[PDB]
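Taking it in order: structure first as structure tokens, then the write-up.
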Amino acid sequence: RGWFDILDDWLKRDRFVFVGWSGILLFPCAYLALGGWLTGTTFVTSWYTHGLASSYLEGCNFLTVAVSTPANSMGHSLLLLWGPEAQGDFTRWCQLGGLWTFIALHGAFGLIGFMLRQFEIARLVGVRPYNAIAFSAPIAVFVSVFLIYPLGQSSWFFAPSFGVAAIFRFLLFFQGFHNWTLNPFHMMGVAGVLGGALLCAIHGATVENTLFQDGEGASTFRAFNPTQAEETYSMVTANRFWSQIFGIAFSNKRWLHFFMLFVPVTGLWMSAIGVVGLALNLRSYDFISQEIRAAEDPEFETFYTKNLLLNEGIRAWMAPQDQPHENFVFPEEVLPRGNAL
Amino acid sequence: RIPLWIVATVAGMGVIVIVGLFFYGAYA
Amino acid sequence: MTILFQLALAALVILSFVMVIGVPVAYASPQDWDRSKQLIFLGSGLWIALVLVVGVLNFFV
Amino acid sequence: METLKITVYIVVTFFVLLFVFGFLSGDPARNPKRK
Amino acid sequence: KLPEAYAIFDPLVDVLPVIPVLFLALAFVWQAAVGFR
Amino acid sequence: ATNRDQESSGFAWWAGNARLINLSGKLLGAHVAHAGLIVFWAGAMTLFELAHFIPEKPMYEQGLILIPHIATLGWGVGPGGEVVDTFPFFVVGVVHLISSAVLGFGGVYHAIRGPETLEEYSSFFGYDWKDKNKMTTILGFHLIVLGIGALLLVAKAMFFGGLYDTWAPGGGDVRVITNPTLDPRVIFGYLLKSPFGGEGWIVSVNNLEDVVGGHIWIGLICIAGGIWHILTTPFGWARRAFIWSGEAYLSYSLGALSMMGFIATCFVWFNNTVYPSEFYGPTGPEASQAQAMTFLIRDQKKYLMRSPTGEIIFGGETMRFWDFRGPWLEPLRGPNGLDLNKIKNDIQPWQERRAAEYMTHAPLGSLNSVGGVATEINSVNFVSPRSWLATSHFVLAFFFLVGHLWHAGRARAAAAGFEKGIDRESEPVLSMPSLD
Amino acid sequence: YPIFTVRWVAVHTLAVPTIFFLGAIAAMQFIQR
Amino acid sequence: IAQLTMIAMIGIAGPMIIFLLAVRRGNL
Amino acid sequence: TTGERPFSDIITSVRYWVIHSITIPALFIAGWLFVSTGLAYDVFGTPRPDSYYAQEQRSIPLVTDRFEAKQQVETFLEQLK
Amino acid sequence: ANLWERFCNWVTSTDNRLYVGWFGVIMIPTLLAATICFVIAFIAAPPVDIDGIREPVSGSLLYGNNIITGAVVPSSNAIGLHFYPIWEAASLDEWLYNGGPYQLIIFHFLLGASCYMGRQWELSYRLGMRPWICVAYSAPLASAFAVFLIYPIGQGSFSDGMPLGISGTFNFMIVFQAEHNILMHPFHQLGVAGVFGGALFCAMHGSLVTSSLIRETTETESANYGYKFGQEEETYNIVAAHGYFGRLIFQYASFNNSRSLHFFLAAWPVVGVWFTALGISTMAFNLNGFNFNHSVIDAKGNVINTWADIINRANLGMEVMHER
Ligand code: CLA
Ligand code: CLA
Ligand code: CLA
Ligand code: CLA
Ligand SMILES: CCCCCCCCCCCCCCCC(=O)OC[C@H](COP(=O)(O)OC[C@@H](O)CO)OC(=O)CCCCCCCCCCCCCCC
Ligand SMILES: CC1=C(/C=C/C(C)=C/C=C/C(C)=C/C=C/C=C(C)/C=C/C=C(C)/C=C/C2=C(C)CCCC2(C)C)C(C)(C)CCC1
Ligand SMILES: CC1=C(/C=C/C(C)=C/C=C/C(C)=C/C=C/C=C(C)/C=C/C=C(C)/C=C/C2=C(C)CCCC2(C)C)C(C)(C)CCC1
Ligand SMILES: CC1=C(/C=C/C(C)=C/C=C/C(C)=C/C=C/C=C(C)/C=C/C=C(C)/C=C/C2=C(C)CCCC2(C)C)C(C)(C)CCC1
Ligand SMILES: CC1=C(/C=C/C(C)=C/C=C/C(C)=C/C=C/C=C(C)/C=C/C=C(C)/C=C/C2=C(C)CCCC2(C)C)C(C)(C)CCC1
Ligand SMILES: CCCCCCCCCCCCO[C@@H]1O[C@H](CO)[C@@H](O[C@H]2O[C@H](CO)[C@@H](O)[C@H](O)[C@H]2O)[C@H](O)[C@H]1O
Ligand SMILES: [Cl-]
Ligand SMILES: [Fe+2]
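Chains as they are written, first to last, in the entry's author numbering: chain d, 12 to 352; chain j, 7 to 34; chain z, 1 to 61; chain i, 1 to 35; chain k, 10 to 46; chain c, 11 to 311, 327 to 461; chain f, 13 to 45; chain y, 19 to 46; chain e, 4 to 84; chain a, 11 to 334.
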């Protein structure tokens, strides 16, 4: 029927793991991203890029292994294996941080492939593609944080390193240098994530506690049939309960589930916008009125000014080791201390 | 054939001893 | 008396292992229950006597 | 200060007694299915 | 330390407190034998 | 067998113990086997702790929580908490292990082989959850047993060697209490005290005379209440106030145990009398005050303040810990606070040694047992036993509050008959008028 | 029932390097440090 | 090694009770 | 469902065990020999525990140039040698 | 009948617009008091000497704060854990100066929120519902207890409680990381897994239900009008959603049971938040997160830093600046 049609029928054949046309992009890229992370955290050091041990081979544990970012002198180089930095040598490629760019690029294209997989499966199954719409928010977060943020900064060095404690360092770095908690876009992100967790818990508990008695057993899970046409829980009772407890309640189930879609997706998109702002150092670091007031009044002290002092401490005490390329030598007398404020 | 509970118990004990080996290496 | 107490304590450990394996097995096997009950009574008496013997030999060792 | 303390003690005692005696006033009977 | 005459059973004591935890695991093992009915 | 699958019982495997609700013999077997598990942990943990116990070193530097409990009872210890013989610790562990073997035998017998229901065999042991009189009779028997246990602690303190008194002059010693506090005003004034700072409720008990007298009162009250519940039936307000079912009684016990767990973590964190700092280590306030006093000794050869109520206290951040009372600090405390010249020329070497040792062992550590501040190297392996006991019992108390909420709600719903869900033909909200 | 399926490929591309890596990490646990 | 072997023996005590009751069929 | 043999039937099959009682130890031995013989250090460039610092210096060997980073790493490795 | 009969029937009435109940007769006055005191303190409270060394911290809007930087400052370090009502101070000025409003607000709020949980149970009982929504609510309530009560009790002062403000909350977070290394605590990692997974599963469940809505409307009409309140038929095809999600990962990773799925949705963030609240309480008793400082040493004895050492450097930087 044509090689394209026969290949298309093979790719969308029902099996244990769906392949599809998107699988050609997804499975290699996702497999290489995961395998590169496991290989880097198992074997590959960060000694020449960060001056850090970050592999199981060096003695780190699961919390402290990472595939670290390339050195700051690499700039925003793609760091291809055949590129001018590694020149085909796999060992120098690993030593220079090429595994980080490997994982980041293959992970980006794997995320693209997974979203295309969502679209393809929604097309063949026959459902609306709202799962892909919702997955646009993790993609926005990944693109803003792992790609746009280092591209706005000096190099790939200041992107997050793929590891647990390295991500914790990234959090503390953003607090100390960007005052990222003070950013309203991050605030909307936090509201979206915590509201999504609240909505998950509250909707699950509400459904589980407004169930219809559809079976004789005391374990209600077997009282549900997937092919049943009736609702398994009482929306009227749930609406009455939440109207009398909280004042307001959902009355439209479709609006409820769209709202569950809407809240964390919008939160993640807002946080991605804020991260783009931080990529250009367009931070919400300070309030100018409070800076002027604190300059003109030594006795003025708020929690915001204390947070600024804590950020100064973070910056000065972590910068020489977190940024070894700058050769920061801070003598003891210039380090901020509370006993000198 | 081998009963499924035998396989499940053997896999659980193997994963428990690999976790214990990793924690022993961590404390060492 | 030292090696005697050590042997009695090792015998207590072995008999406790035997009872731990066997008593739920005998309790959950209805077919062979009569000889099982006789062995359980004998083992319980032996276990109590071995505990007392280990205690007094501990006071002697 | 003492008048405010006595007022707060009276208010708290009143509300706590309302709670306690309300839950003693046949609370399991106030359900839609049984009793 | 333990009394010296008990020292030869010192490794056994080293594993004694972990035994109740295994009891919890044993329950699941028992359920695995009966198909979680 | 009967009630051992979902179709007959209605409960899945993950709720399989709920199949034991109306099977008195198997339920008794589960309870006795579980009690055997508890006694087994006590014996095995005592033997494990003794097998790695250096009697010359303090107990709190070796991660022990059960040997301090026996040591507080005045067993195997001398003046200053020194270990004079480790044999009673071994006796406690061995007797617990053997008794756990006996209890495990009984639990396995009643769970597997014994009668499934106790009702037909014995009217005395056969019980129905709805039978209020039988429930109160069993409660009375257990109250009598608990009163006997409290009186056993009293007898140990008064007749069988006494208890370790950390407040004994010279640095604490095993002492036989001869004059317990029988006065109800002190005993129930401990009950009526505020739970906040400077008052501390029953956690602020600071002498063994009060402890022994309160235990005399508790034992007598428990025995009297046990007799009262054997002889009487629940009154009408009690019958109309409670749900009378096995899950309901379980939920009441869960709420009580959650409250007791919170009281226990507060006791082990703040009290240094029934949890002596010789065995359990200093409390957090104790360590901070010891640091202030030792640095005062260092700087004198300035830590003084005035407090909100007008009293000489140590200065600095440790101003928050000015309500601390310890046996090494009380000789240096005058009627207006810390007597400074009495610090200068009445310090004793044992108090200074205690203060320095308690400086070095503040209740501060990590999950991988690294001592000191969270920003310091892993040179010292120390987490205080008070921290372990307080953290574990807060976790258990919170989860038992959650269990109390779960079982109390389920018991109310099951008694009212909608624990399995809303009846489709008799949904109550549909008959209710709309809110607007 | 065939053997060389897509499921076989996915399972084994995740399975073979997993055991290789686990042996590597155990041999790491016996490094003198 | 002695601790490991003791762990192994106590850990096979229970599952082999289950194994014996399953093979010699009884009321598990 | 989908035409593949069920996982339970596969893992309970004796033939599956007799294939997988040889291949899995072979891969485990391959990984153990990869680390224990020291091939992993050479393949991935991870320093050995005595190869972090040169014998004379205590400076961390950061690379500082984009197009000479390979030669810089090689220079560090020669100075430790 | 009796006045007590009429009052009991009104209190437990399901015909009230907002249910009161007995938990509500405690909840309404305490929460009203806490709310009124919070609004008044957030707008107009004078500066509070939180550290007890006469350097007060201004938290109210009238003293030079905005919405972000405004807070109700925790009570003074000189107060400690002492009960500090209004009548325990010599004057209202002294009560405000030592942070008494914080104690009033947090005590009333904790009482009111516990009674809110009880009220949730009570209304579920009066409506013939299953009773475990209050169990789900116990996780944020445990978190509030941990940061407002349990952490002050462990540290020995209500001055270490979380301030009632946005920037004060950030200050609480940073000082907590400095003193306890909460990021390396597995209970906080379980909490992060709980909230991240809760957001993920919320978006996932919403997108799968929205994806499989049954056609009941036109293109001009909003799809939400396809559902009637109280309709008996299901508004979405759960079989189609299960088929999609089974093809997205594999068939056995998908819930065919809606009750099991909704139990999982309830259980994951609730258990995670339980563990993070317990983490805050256990760090209140100074059982801190994993240290891992100097975990890699070379052959010659030189310390090889890891990412944990960078974290410890940052924590030390926060620690030296928050003290004195
Ligand atoms: C403290 C823990 C504990 C205890 C005491 C019990 C006790 C009990 N459970 Mg149970 N259970 C538990 C935890 C526990 N459970 C957990 C964690 C789960 C979840 C997996 C379950 C799930 C569960 C289900 C699903 C069911 C039970 C049932 C039962 C009862 C009958 C047991 C039976 O017939 O098994 C028979 C099993 C065997 C014969 C196998 C051997 C077991 C023996 C007793 C082990 C003894 C080992 C020990 C070392 C021997 C020492 C003896 C020595 C002192 C001489 C029994 C009273 C059943 C019930 O309700 O009955 C109506 C039932 O259907 N349980
Ligand atoms: C004295 C305490 C006590 C008692 C007697 C009971 C008794 C009961 N509970 Mg209950 N419960 C309790 C405390 C208690 N609970 C607490 C504290 C909580 C809060 C967490 C709960 C929460 C709870 C729920 C949510 C439910 C019950 C249910 C039940 C019934 C069936 C239980 C069953 O088969 O479990 C079988 C046991 C298991 C499946 C094992 C669970 C494993 C635990 C959760 C993890 C243990 C982790 C361990 C500490 C560390 C790791 C161990 C290591 C091996 C890895 C039974 C009447 C069920 C019910 O209502 O039935 C009517 C039910 O659905 N309970
Ligand atoms: C709470 C614990 C408890 C309870 C309520 C029961 C209850 C019962 N058991 Mg049982 N049992 C238990 C524990 C318990 N047992 C233990 C631990 C074991 C192991 C030794 C046994 C072994 C056992 C066997 C072998 C048999 C029973 C039988 C019976 C039934 C009749 C007993 C009778 O007529 O006694 C009448 C009263 C007496 C004989 C007086 C007993 C006096 C005791 C021994 C003194 C204890 C002093 C003190 C309180 C000890 C405290 C210990 C504590 C601190 C741990 C009855 C339902 C029988 C049965 O099921 O009948 C078909 C039966 O054959 N039990
Ligand atoms: C395990 C212990 C226990 C248990 C479960 C019971 C259970 C019971 N007892 Mg009881 N009792 C006990 C021990 C126990 N008793 C002892 C030791 C004594 C001797 C002093 C008595 C004396 C006794 C009498 C005289 C009566 C009962 C009654 C009752 C029944 C009604 C319970 C009720 O509504 O009280 C709920 C509690 C209250 C209504 C008290 C008011 C609540 C206040 C506000 C709580 C304040 C505490 C607060 C949380 C702070 C804690 C600290 C505080 C001390 C400051 C119930 C079956 C009654 C009954 O029906 O008799 C058959 C009855 O008249 N008991
Ligand atoms: C509906 C039943 C389950 C409900 C609860 C599910 C909750 C969620 C839990 C999820 C994990 C556990 C799964 C259930 C487990 C379960 O039900 O157990 C049983 C089930 C196997 O049962 P069967 O033997 O019937 O399955 C074989 C079928 O092919 C039938 O012939 O196990 C699995 O599916 C194995 C999982 C590992 C398979 C690894 C394959 C990896 C290949 C690569 C995959 C890539 C996909 C992503 C693409 C981007
Ligand atoms: C980079 C690169 C590459 C790639 C490679 C690959 C793709 C690899 C893979 C690899 C792999 C693929 C590996 C694996 C690994 C694995 C592991 C290492 C595992 C581990 C595990 C564990 C440890 C477990 C755990 C657990 C869980 C999670 C749960 C339960 C509990 C436990 C703990 C048991 C190539 C050559 C192409 C090119 C060049 C570059
Ligand atoms: C004192 C002592 C003793 C005793 C002991 C005892 C009492 C024991 C017991 C023991 C036991 C009683 C044990 C048990 C064990 C168990 C086990 C080892 C299990 C495990 C499990 C697992 C591994 C699981 C798995 C699974 C399943 C099946 C399902 C789900 C999934 C999973 C995977 C989780 C003797 C006599 C020796 C001697 C003297 C000393
Ligand atoms: C019902 C049931 C159950 C449970 C069970 C139980 C819980 C039991 C218990 C059990 C028990 C609770 C047991 C115990 C045992 C013990 C023993 C058997 C011991 C013995 C001892 C000995 C032999 C000693 C030795 C010695 C001494 C003299 C000292 C020195 C050291 C030594 C260790 C060498 C389950 C969950 C499975 C499930 C199903 C069914
Ligand atoms: C030994 C001791 C002592 C003593 C103590 C005492 C003397 C105790 C007693 C105690 C007591 C004598 C307690 C009591 C408690 C009680 C309670 C805890 C109650 C509860 C209640 C309830 C739970 C109720 C509920 C309700 C309501 C509210 C309403 C209606 C409904 C109902 C009924 C549910 C002292 C400290 C001196 C010293 C140290 C040691
Ligand atoms: C803080 C201190 C608290 C002290 C508490 C100790 C008191 C113990 C005994 C209290 C007795 C209360 O007893 C209870 O009272 C109420 C009100 O009078 C009685 O009367 C009630 O009857 C029915 C019962 O369904 C209710 O609908 C009705 O509202 C009410 O009139 C109950 O029939 C009686 O059970
Ligand atoms: Cl600060
Ligand atoms: Fe839903």
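Just so it is clear, CB atoms sit at the ideal spot from N, CA and C, and this is done for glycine as well.
| Query | Result |
| --- | --- |
| C-alpha distance - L42 (chain e) paired with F29 (chain d), whole-angstrom precision | 38 Å |
| Beta-carbon gap between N72 (chain d) and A34 (chain j) smaller than 8 Å | no |
| Beta-carbon proximity of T80 (chain d) to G48 (chain e), cut-off 8 Å | no |
| Any chain y beta carbon closer than 8 Å to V30 (chain k) | no |
| Neighbourhood of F125 (chain d) by C-beta distance below 6 Å, restricted to the same chain and skipping five residues each side | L37 |
| DSSP state of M34 (chain y) mapped onto helix, strand, coil | helix |
| Contact set for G187 (chain d): own chain, Cβ-Cβ below 6 Å, skip 5 residues either direction | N322, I325 and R326 |
| Residue-chain proximity (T217 (chain d), chain a), Cβ-Cβ < 8 Å | yes |
| Counterpart residues of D170 (chain a) in DSSP-defined beta bridges | None, per the DSSP bridge assignment. |
| Cross-chain neighbours of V118 (chain c) in chain z, by beta carbon under 7 Å | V23, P24 and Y27 |
| Per-residue contacts from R123 (chain c) into chain z (C-beta, under 7 Å) | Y27 |
| When d:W167, d:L320, d:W93 and d:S88 are compared against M331 (chain a), the one with the closest alpha-carbon | d:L320 |
| The alpha helix (DSSP H) enclosing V22 (chain k), as first and last residue numbers | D19 to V24 |
| For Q75 (chain e) and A36 (chain f), the rounded distance between their alpha carbons | 29 Å |
| Beta carbon proximity, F16 (chain f) to chain d, threshold 8 Å | no |
| Exposure label - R30 (chain i); buried when at least 16 CB within 10 Å | buried |
| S33 (chain d) vs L127 (chain d) beta-carbon contact at 8 Å | yes |
| contact_flag[the stretch 21 to 37 of chain a, the stretch 121 to 137 of chain a] where n(CB pairs < 8 Å) is 3 or more | yes |
| Short Cβ contact (8 Å threshold) for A72 (chain e) with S84 (chain d) | yes |
| Residues that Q224 (chain d) contacts on chain c, provided the C-beta gap is smaller than 8 Å | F443, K445, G446, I447, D448 and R449 |
| For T188 (chain c) and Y285 (chain c), the rounded distance between their alpha carbons | 21 Å |
| Listed by chain order, chain d residues near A36 (chain f) by CB distance under 7 Å | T53 |
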